[PDB]
Amino acid sequence: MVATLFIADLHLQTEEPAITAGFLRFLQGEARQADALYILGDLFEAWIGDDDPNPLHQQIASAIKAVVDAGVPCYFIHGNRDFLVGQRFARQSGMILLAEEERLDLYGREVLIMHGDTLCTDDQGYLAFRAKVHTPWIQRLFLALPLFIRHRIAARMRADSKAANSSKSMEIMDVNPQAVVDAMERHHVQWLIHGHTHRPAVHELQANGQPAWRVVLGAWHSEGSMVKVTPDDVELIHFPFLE
Ligand SMILES: CCCCCCCCCCC[C@@H](O)CC(=O)N[C@H]1[C@@H](OP(=O)(O)O)O[C@H](CO)[C@@H](O)[C@@H]1OC(=O)C[C@H](O)CCCCCCCCCCC
Ligand SMILES: [Ca+2]
Ligand SMILES: [Mn+2]
Ligand SMILES: [Mn+2]
Ligand SMILES: [Mn+2]
Ligand SMILES: [Mn+2]
């Protein structure tokens, strides 16, 4: 089919087997026919390095690679949960790693894609955390630690994140509308697709002196979510995990 697909915020983990089964079934569906599949971050609930022997990682890598081998190029933009996904997993899965912002030409429509966390520019605490965990020497230090140490550090970060999210106001954590305009005018696009916020919606705004739209993907909780771009339209689609 002449369509390009976008998903994000699956937060896969061995403790949520139903979501994993829904993703595996999705990879065997119309996704096998798409022009391309873009995964905009937070594919996994957490990532502590490509050397993690977590069997779910190889199961997911195998299923994506079968999609790639079937002729569907697959791309990945990092999320706040899996920014440590590296070239070893890209090779294992056949995915191509992209930068934090990418501008696509989709059947004549220019579209900006990103995970979306960098649009929450009022959360100065988060952005300070993000700058640190993206520093290469700090990443290399974390990756040199034993796996059982990395698990403990990840567990503490998750605990403190859930605490800070409960003590922070939604008005300081949500997407900043001026950061959206700035990003869409930096790339001169009228269309933007992102995830992270788990609030699937289509927001109309103004950018480049024209109407513009910000499409938000949904997290995979009870059902799946995807954006489908065709030469004719942009579709936000919700579907069950199983038939
Ligand atoms: C090189 C290091 C590698 C570490 C890899 C470990 C594996 C990855 C672990 C994932 C942690 C991630 O969840 C943190 C995060 O992203 N929080 C922001 C996010 O909230 P979520 O709970 O993730 O949905 O989205 C929310 C909305 O945007 C936002 O609010 C949250 O941001 C925060 O809550 C962060 C706080 O503001 C500041 C917390 C920093 C203090 C924690 C430091 C712990 C260091 C312990 C060292 C032993
Ligand atoms: Ca706000
Ligand atoms: Mn998410
Ligand atoms: Mn094809
Ligand atoms: Mn996120
Ligand atoms: Mn259709």
# chains A, B, ... in the order shown; residues from 1 in each chain; ligands from 1
$ select_by_dssp --residues "segment 23-193 of chain A" --states "alpha helix (DSSP H)" --output "ChimeraX atom specification"
/A:23-27,55-69,87-93,124-133,136-144,147-167,170-173,177-186
$ write_last_selection --atoms "C-alpha atoms" --output "PDB file, in the first residue's frame"
ATOM      1  CA  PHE A  23       2.881  -5.439  18.496  1.00  0.00           C
ATOM      2  CA  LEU A  24       3.900  -8.797  17.012  1.00  0.00           C
ATOM      3  CA  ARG A  25       0.495  -9.068  15.373  1.00  0.00           C
ATOM      4  CA  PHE A  26       0.750  -5.487  14.094  1.00  0.00           C
ATOM      5  CA  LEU A  27       4.070  -6.345  12.430  1.00  0.00           C
ATOM      6  CA  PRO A  55      14.926 -12.160  25.774  1.00  0.00           C
ATOM      7  CA  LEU A  56      12.205  -9.674  24.818  1.00  0.00           C
ATOM      8  CA  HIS A  57      14.836  -7.579  23.024  1.00  0.00           C
ATOM      9  CA  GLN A  58      15.776 -10.428  20.662  1.00  0.00           C
ATOM     10  CA  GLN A  59      12.117 -11.358  20.177  1.00  0.00           C
ATOM     11  CA  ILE A  60      11.331  -7.775  19.157  1.00  0.00           C
ATOM     12  CA  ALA A  61      14.495  -7.498  17.058  1.00  0.00           C
ATOM     13  CA  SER A  62      13.568 -10.706  15.232  1.00  0.00           C
ATOM     14  CA  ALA A  63      10.038  -9.513  14.434  1.00  0.00           C
ATOM     15  CA  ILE A  64      11.144  -6.097  13.161  1.00  0.00           C
ATOM     16  CA  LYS A  65      13.907  -7.682  11.058  1.00  0.00           C
ATOM     17  CA  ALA A  66      11.311  -9.898   9.362  1.00  0.00           C
ATOM     18  CA  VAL A  67       9.366  -6.755   8.446  1.00  0.00           C
ATOM     19  CA  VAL A  68      12.554  -5.146   7.115  1.00  0.00           C
ATOM     20  CA  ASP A  69      13.438  -8.294   5.164  1.00  0.00           C
ATOM     21  CA  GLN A  87      23.971   0.379  16.546  1.00  0.00           C
ATOM     22  CA  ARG A  88      24.221  -3.203  17.813  1.00  0.00           C
ATOM     23  CA  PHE A  89      20.447  -3.377  18.258  1.00  0.00           C
ATOM     24  CA  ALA A  90      19.937  -1.475  14.999  1.00  0.00           C
ATOM     25  CA  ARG A  91      21.936  -4.191  13.233  1.00  0.00           C
ATOM     26  CA  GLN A  92      20.093  -6.967  15.080  1.00  0.00           C
ATOM     27  CA  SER A  93      16.688  -5.465  14.256  1.00  0.00           C
ATOM     28  CA  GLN A 124      13.449  22.859  33.251  1.00  0.00           C
ATOM     29  CA  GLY A 125      14.055  19.934  35.599  1.00  0.00           C
ATOM     30  CA  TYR A 126      13.445  17.358  32.878  1.00  0.00           C
ATOM     31  CA  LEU A 127      15.583  19.162  30.292  1.00  0.00           C
ATOM     32  CA  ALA A 128      18.468  19.288  32.771  1.00  0.00           C
ATOM     33  CA  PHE A 129      18.125  15.539  33.329  1.00  0.00           C
ATOM     34  CA  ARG A 130      17.916  15.016  29.562  1.00  0.00           C
ATOM     35  CA  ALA A 131      21.117  16.974  28.906  1.00  0.00           C
ATOM     36  CA  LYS A 132      23.017  14.789  31.384  1.00  0.00           C
ATOM     37  CA  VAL A 133      21.849  11.351  30.233  1.00  0.00           C
ATOM     38  CA  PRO A 136      28.388  10.698  25.673  1.00  0.00           C
ATOM     39  CA  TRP A 137      30.994  10.164  28.403  1.00  0.00           C
ATOM     40  CA  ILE A 138      28.228   9.791  30.997  1.00  0.00           C
ATOM     41  CA  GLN A 139      26.524   7.249  28.729  1.00  0.00           C
ATOM     42  CA  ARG A 140      29.803   5.382  28.227  1.00  0.00           C
ATOM     43  CA  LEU A 141      30.305   5.300  32.002  1.00  0.00           C
ATOM     44  CA  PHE A 142      26.831   3.858  32.603  1.00  0.00           C
ATOM     45  CA  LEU A 143      27.330   1.241  29.876  1.00  0.00           C
ATOM     46  CA  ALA A 144      30.604   0.068  31.459  1.00  0.00           C
ATOM     47  CA  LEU A 147      24.150  -5.194  34.237  1.00  0.00           C
ATOM     48  CA  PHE A 148      22.810  -5.739  37.752  1.00  0.00           C
ATOM     49  CA  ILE A 149      24.093  -2.291  38.731  1.00  0.00           C
ATOM     50  CA  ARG A 150      22.504  -0.696  35.654  1.00  0.00           C
ATOM     51  CA  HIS A 151      19.177  -2.287  36.601  1.00  0.00           C
ATOM     52  CA  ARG A 152      19.305  -0.693  40.056  1.00  0.00           C
ATOM     53  CA  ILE A 153      20.109   2.747  38.637  1.00  0.00           C
ATOM     54  CA  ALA A 154      17.242   2.427  36.152  1.00  0.00           C
ATOM     55  CA  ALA A 155      14.893   1.383  38.967  1.00  0.00           C
ATOM     56  CA  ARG A 156      15.811   4.464  40.993  1.00  0.00           C
ATOM     57  CA  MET A 157      15.383   6.782  38.001  1.00  0.00           C
ATOM     58  CA  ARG A 158      11.931   5.313  37.328  1.00  0.00           C
ATOM     59  CA  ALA A 159      10.936   5.728  40.984  1.00  0.00           C
ATOM     60  CA  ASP A 160      12.078   9.358  41.113  1.00  0.00           C
ATOM     61  CA  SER A 161      10.450  10.139  37.757  1.00  0.00           C
ATOM     62  CA  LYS A 162       7.079   8.823  38.944  1.00  0.00           C
ATOM     63  CA  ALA A 163       7.486  10.894  42.116  1.00  0.00           C
ATOM     64  CA  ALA A 164       8.452  14.083  40.275  1.00  0.00           C
ATOM     65  CA  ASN A 165       5.558  13.559  37.853  1.00  0.00           C
ATOM     66  CA  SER A 166       3.155  13.433  40.813  1.00  0.00           C
ATOM     67  CA  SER A 167       4.631  16.584  42.406  1.00  0.00           C
ATOM     68  CA  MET A 170       0.528  19.300  34.179  1.00  0.00           C
ATOM     69  CA  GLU A 171       0.849  22.932  33.059  1.00  0.00           C
ATOM     70  CA  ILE A 172       4.641  22.725  33.471  1.00  0.00           C
ATOM     71  CA  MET A 173       5.068  19.243  31.939  1.00  0.00           C
ATOM     72  CA  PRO A 177       2.928  25.831  22.163  1.00  0.00           C
ATOM     73  CA  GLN A 178       5.721  28.256  21.258  1.00  0.00           C
ATOM     74  CA  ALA A 179       8.264  25.422  21.142  1.00  0.00           C
ATOM     75  CA  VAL A 180       5.953  23.762  18.608  1.00  0.00           C
ATOM     76  CA  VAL A 181       5.790  26.863  16.400  1.00  0.00           C
ATOM     77  CA  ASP A 182       9.566  27.297  16.603  1.00  0.00           C
ATOM     78  CA  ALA A 183      10.259  23.692  15.584  1.00  0.00           C
ATOM     79  CA  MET A 184       7.757  23.762  12.716  1.00  0.00           C
ATOM     80  CA  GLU A 185       9.151  27.061  11.430  1.00  0.00           C
ATOM     81  CA  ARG A 186      12.766  25.905  11.786  1.00  0.00           C
TER      82      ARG A 186
END
$ closest_atom_pairs --of "chain A" --to "ligand 3" --cutoff "9 Å" --atoms "only C-alpha atoms and all ligand atoms" --output "CSV"
residue,atom,partner,partner_atom_place_in_ligand_line,distance
A:8,CA,ligand 3,1 (Mn),7.0
A:9,CA,ligand 3,1 (Mn),3.9
A:10,CA,ligand 3,1 (Mn),7.0
A:11,CA,ligand 3,1 (Mn),6.5
A:41,CA,ligand 3,1 (Mn),7.4
A:42,CA,ligand 3,1 (Mn),5.1
A:43,CA,ligand 3,1 (Mn),8.1
A:44,CA,ligand 3,1 (Mn),8.8
A:45,CA,ligand 3,1 (Mn),8.1
A:79,CA,ligand 3,1 (Mn),7.3
A:80,CA,ligand 3,1 (Mn),7.6
A:81,CA,ligand 3,1 (Mn),7.4
A:115,CA,ligand 3,1 (Mn),8.6
A:195,CA,ligand 3,1 (Mn),6.7
A:196,CA,ligand 3,1 (Mn),4.2
A:197,CA,ligand 3,1 (Mn),6.5
A:198,CA,ligand 3,1 (Mn),6.3
A:218,CA,ligand 3,1 (Mn),8.5
A:219,CA,ligand 3,1 (Mn),6.3
A:220,CA,ligand 3,1 (Mn),9.0
$ residues_around --residues "residue 84 of chain A" --least-positions-apart "4" --cutoff "7 Å" --atoms "only C-alpha atoms" --output "PDB file with N, CA and C atoms, in the first residue's frame"
ATOM      1  N   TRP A  47      15.674   1.019  28.612  1.00  0.00           N
ATOM      2  CA  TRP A  47      16.809   0.437  27.908  1.00  0.00           C
ATOM      3  C   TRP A  47      18.075   0.770  28.678  1.00  0.00           C
ATOM      4  N   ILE A  48      18.832  -0.259  29.060  1.00  0.00           N
ATOM      5  CA  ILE A  48      20.072  -0.077  29.805  1.00  0.00           C
ATOM      6  C   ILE A  48      21.291  -0.487  28.987  1.00  0.00           C
ATOM      7  N   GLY A  49      21.124  -0.731  27.694  1.00  0.00           N
ATOM      8  CA  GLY A  49      22.238  -1.034  26.811  1.00  0.00           C
ATOM      9  C   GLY A  49      21.976  -2.196  25.873  1.00  0.00           C
TER      10      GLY A  49
END
$ select_by_dssp --residues "segment 4-238 of chain A" --states "strand (DSSP E)" --output "PyMOL selection string"
chain A and resi 4-7+36-39+74-76+96-97+102-106+109-113+191-194+201-207+210-216+223-229+234-238
$ residues_near_ligand --ligand "ligand 4" --cutoff "8 Å" --atoms "only C-alpha atoms and all ligand atoms" --output "list in words"
residues 1, 2, 33, 34, 35, 71 and 72 of chain A
$ closest_residue --among "A:228, A:188, A:194, A:168" --to "ligand 5" --atoms "only C-alpha atoms and all ligand atoms"
A:194
$ residues_near_ligand --ligand "ligand 6" --cutoff "10 Å" --atoms "only C-alpha atoms and all ligand atoms" --output "JSON, numbers by chain"
{"A": [1, 3, 228, 230, 233, 235, 237]}
$ residues_around --residues "residue 106 of chain A" --least-positions-apart "6" --cutoff "8 Å" --atoms "only C-alpha atoms" --output "PyMOL selection string"
chain A and resi 4+229-231
$ closest_residue --among "A:119, A:21, A:192, A:36" --to "ligand 5" --atoms "only C-alpha atoms and all ligand atoms"
A:119
$ closest_residue --among "A:54, A:118, A:28, A:20" --to "ligand 5" --atoms "only C-alpha atoms and all ligand atoms"
A:118
$ closest_residue --among "A:191, A:75, A:83, A:239" --to "ligand 1" --atoms "only C-alpha atoms and all ligand atoms"
A:83
$ residues_around --residues "residue 187 of chain A" --least-positions-apart "6" --cutoff "12 Å" --atoms "only C-alpha atoms" --output "JSON, numbers by chain"
{"A": [101, 102, 103, 104, 105, 110, 111, 112, 113, 180, 181, 207, 208]}
$ closest_residue --among "A:175, A:216, A:226, A:205" --to "ligand 2" --atoms "only C-alpha atoms and all ligand atoms"
A:175
$ closest_residue --among "A:227, A:96, A:217, A:201" --to "ligand 5" --atoms "only C-alpha atoms and all ligand atoms"
A:217
$ residues_around --residues "residue 77 of chain A" --least-positions-apart "6" --cutoff "7 Å" --atoms "only C-alpha atoms" --output "PyMOL selection string"
chain A and resi 39-41+97-100+114-115
$ decode --residues "segment 70-118 of chain A" --atoms "N, CA and C atoms" --output "mmCIF file, in the first residue's frame"
data_model
loop_
_atom_site.group_PDB
_atom_site.id
_atom_site.type_symbol
_atom_site.label_atom_id
_atom_site.label_comp_id
_atom_site.auth_asym_id
_atom_site.auth_seq_id
_atom_site.Cartn_x
_atom_site.Cartn_y
_atom_site.Cartn_z
ATOM 1 N N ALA A 70 11.065 -8.178 4.597
ATOM 2 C CA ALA A 70 9.907 -8.213 3.716
ATOM 3 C C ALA A 70 9.771 -6.954 2.869
ATOM 4 N N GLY A 71 10.737 -6.043 2.938
ATOM 5 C CA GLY A 71 10.758 -4.871 2.090
ATOM 6 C C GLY A 71 10.270 -3.584 2.718
ATOM 7 N N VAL A 72 10.020 -3.567 4.024
ATOM 8 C CA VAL A 72 9.541 -2.362 4.698
ATOM 9 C C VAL A 72 10.670 -1.757 5.523
ATOM 10 N N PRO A 73 11.294 -0.673 5.064
ATOM 11 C CA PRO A 73 12.334 -0.031 5.876
ATOM 12 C C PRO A 73 11.755 0.488 7.183
ATOM 13 N N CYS A 74 12.479 0.244 8.273
ATOM 14 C CA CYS A 74 12.046 0.625 9.609
ATOM 15 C C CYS A 74 13.043 1.601 10.216
ATOM 16 N N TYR A 75 12.520 2.655 10.841
ATOM 17 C CA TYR A 75 13.334 3.727 11.393
ATOM 18 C C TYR A 75 12.977 3.945 12.855
ATOM 19 N N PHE A 76 13.945 4.454 13.617
ATOM 20 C CA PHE A 76 13.790 4.651 15.052
ATOM 21 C C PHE A 76 14.338 6.010 15.461
ATOM 22 N N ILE A 77 13.515 6.789 16.158
ATOM 23 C CA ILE A 77 13.955 7.975 16.883
ATOM 24 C C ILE A 77 13.883 7.646 18.366
ATOM 25 N N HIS A 78 14.922 8.010 19.112
ATOM 26 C CA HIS A 78 14.987 7.636 20.517
ATOM 27 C C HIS A 78 13.930 8.370 21.335
ATOM 28 N N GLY A 79 13.436 7.693 22.371
ATOM 29 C CA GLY A 79 12.592 8.302 23.371
ATOM 30 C C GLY A 79 13.350 8.526 24.670
ATOM 31 N N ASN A 80 12.625 9.063 25.654
ATOM 32 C CA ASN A 80 13.221 9.280 26.967
ATOM 33 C C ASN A 80 13.434 7.976 27.723
ATOM 34 N N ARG A 81 12.780 6.893 27.301
ATOM 35 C CA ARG A 81 12.957 5.597 27.942
ATOM 36 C C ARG A 81 14.067 4.765 27.314
ATOM 37 N N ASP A 82 14.322 4.926 26.018
ATOM 38 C CA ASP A 82 15.247 4.049 25.309
ATOM 39 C C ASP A 82 16.250 4.845 24.487
ATOM 40 N N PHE A 83 16.798 5.916 25.066
ATOM 41 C CA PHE A 83 17.808 6.697 24.359
ATOM 42 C C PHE A 83 19.134 5.959 24.227
ATOM 43 N N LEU A 84 19.326 4.861 24.958
ATOM 44 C CA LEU A 84 20.562 4.093 24.876
ATOM 45 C C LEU A 84 20.533 3.021 23.793
ATOM 46 N N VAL A 85 19.427 2.890 23.054
ATOM 47 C CA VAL A 85 19.399 1.961 21.929
ATOM 48 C C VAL A 85 20.480 2.354 20.933
ATOM 49 N N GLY A 86 21.336 1.396 20.586
ATOM 50 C CA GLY A 86 22.496 1.704 19.773
ATOM 51 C C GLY A 86 22.610 0.910 18.488
ATOM 52 N N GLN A 87 23.793 0.963 17.870
ATOM 53 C CA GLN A 87 23.971 0.379 16.546
ATOM 54 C C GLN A 87 23.946 -1.143 16.578
ATOM 55 N N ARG A 88 24.300 -1.751 17.711
ATOM 56 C CA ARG A 88 24.221 -3.203 17.813
ATOM 57 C C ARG A 88 22.779 -3.677 17.685
ATOM 58 N N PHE A 89 21.854 -3.011 18.381
ATOM 59 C CA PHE A 89 20.447 -3.377 18.258
ATOM 60 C C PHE A 89 19.888 -2.982 16.898
ATOM 61 N N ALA A 90 20.340 -1.851 16.351
ATOM 62 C CA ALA A 90 19.937 -1.475 14.999
ATOM 63 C C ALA A 90 20.316 -2.559 13.999
ATOM 64 N N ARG A 91 21.531 -3.100 14.114
ATOM 65 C CA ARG A 91 21.936 -4.191 13.233
ATOM 66 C C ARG A 91 21.102 -5.440 13.485
ATOM 67 N N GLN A 92 20.874 -5.777 14.757
ATOM 68 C CA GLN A 92 20.093 -6.967 15.080
ATOM 69 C C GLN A 92 18.665 -6.851 14.562
ATOM 70 N N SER A 93 18.078 -5.659 14.647
ATOM 71 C CA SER A 93 16.688 -5.465 14.256
ATOM 72 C C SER A 93 16.522 -5.019 12.811
ATOM 73 N N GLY A 94 17.594 -4.589 12.149
ATOM 74 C CA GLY A 94 17.481 -4.012 10.827
ATOM 75 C C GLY A 94 16.951 -2.597 10.797
ATOM 76 N N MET A 95 16.725 -1.980 11.954
ATOM 77 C CA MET A 95 16.245 -0.608 12.008
ATOM 78 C C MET A 95 17.371 0.374 11.710
ATOM 79 N N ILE A 96 16.994 1.528 11.171
ATOM 80 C CA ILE A 96 17.914 2.632 10.937
ATOM 81 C C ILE A 96 17.662 3.696 11.996
ATOM 82 N N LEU A 97 18.714 4.082 12.711
ATOM 83 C CA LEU A 97 18.586 5.081 13.764
ATOM 84 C C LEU A 97 18.618 6.485 13.172
ATOM 85 N N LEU A 98 17.688 7.329 13.606
ATOM 86 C CA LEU A 98 17.570 8.695 13.118
ATOM 87 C C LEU A 98 17.889 9.686 14.232
ATOM 88 N N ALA A 99 18.005 10.956 13.848
ATOM 89 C CA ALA A 99 18.305 12.022 14.791
ATOM 90 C C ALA A 99 17.046 12.413 15.567
ATOM 91 N N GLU A 100 17.208 13.315 16.542
ATOM 92 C CA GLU A 100 16.087 13.665 17.410
ATOM 93 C C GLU A 100 14.995 14.430 16.673
ATOM 94 N N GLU A 101 15.334 15.112 15.581
ATOM 95 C CA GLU A 101 14.356 15.699 14.675
ATOM 96 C C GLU A 101 14.696 15.281 13.253
ATOM 97 N N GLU A 102 13.672 14.922 12.481
ATOM 98 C CA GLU A 102 13.848 14.596 11.074
ATOM 99 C C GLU A 102 12.685 15.170 10.283
ATOM 100 N N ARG A 103 12.987 15.717 9.108
ATOM 101 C CA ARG A 103 11.975 16.229 8.192
ATOM 102 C C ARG A 103 11.839 15.253 7.033
ATOM 103 N N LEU A 104 10.625 14.761 6.818
ATOM 104 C CA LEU A 104 10.344 13.774 5.788
ATOM 105 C C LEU A 104 9.533 14.400 4.663
ATOM 106 N N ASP A 105 9.733 13.884 3.455
ATOM 107 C CA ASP A 105 8.859 14.169 2.323
ATOM 108 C C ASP A 105 7.974 12.947 2.114
ATOM 109 N N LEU A 106 6.699 13.074 2.458
ATOM 110 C CA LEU A 106 5.744 11.974 2.378
ATOM 111 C C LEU A 106 4.738 12.300 1.280
ATOM 112 N N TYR A 107 4.993 11.777 0.079
ATOM 113 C CA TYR A 107 4.080 11.918 -1.058
ATOM 114 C C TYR A 107 3.792 13.385 -1.363
ATOM 115 N N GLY A 108 4.808 14.226 -1.182
ATOM 116 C CA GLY A 108 4.698 15.646 -1.428
ATOM 117 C C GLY A 108 4.399 16.485 -0.204
ATOM 118 N N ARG A 109 4.046 15.862 0.918
ATOM 119 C CA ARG A 109 3.752 16.571 2.157
ATOM 120 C C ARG A 109 4.965 16.472 3.077
ATOM 121 N N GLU A 110 5.502 17.624 3.476
ATOM 122 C CA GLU A 110 6.661 17.671 4.357
ATOM 123 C C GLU A 110 6.209 17.564 5.806
ATOM 124 N N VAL A 111 6.839 16.658 6.555
ATOM 125 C CA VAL A 111 6.400 16.306 7.902
ATOM 126 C C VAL A 111 7.610 16.265 8.826
ATOM 127 N N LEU A 112 7.503 16.942 9.966
ATOM 128 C CA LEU A 112 8.507 16.875 11.018
ATOM 129 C C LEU A 112 8.152 15.763 11.998
ATOM 130 N N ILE A 113 9.154 14.974 12.387
ATOM 131 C CA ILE A 113 8.949 13.902 13.351
ATOM 132 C C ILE A 113 9.982 14.012 14.462
ATOM 133 N N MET A 114 9.554 13.649 15.668
ATOM 134 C CA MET A 114 10.386 13.658 16.863
ATOM 135 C C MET A 114 9.638 12.878 17.932
ATOM 136 N N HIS A 115 10.343 12.535 19.012
ATOM 137 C CA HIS A 115 9.657 11.858 20.107
ATOM 138 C C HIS A 115 8.670 12.792 20.795
ATOM 139 N N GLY A 116 9.064 14.041 21.021
ATOM 140 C CA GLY A 116 8.188 15.055 21.576
ATOM 141 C C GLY A 116 8.616 15.604 22.920
ATOM 142 N N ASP A 117 9.503 14.914 23.643
ATOM 143 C CA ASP A 117 9.883 15.384 24.973
ATOM 144 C C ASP A 117 10.617 16.717 24.913
ATOM 145 N N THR A 118 11.343 16.979 23.823
ATOM 146 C CA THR A 118 12.065 18.237 23.689
ATOM 147 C C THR A 118 11.144 19.433 23.468
#
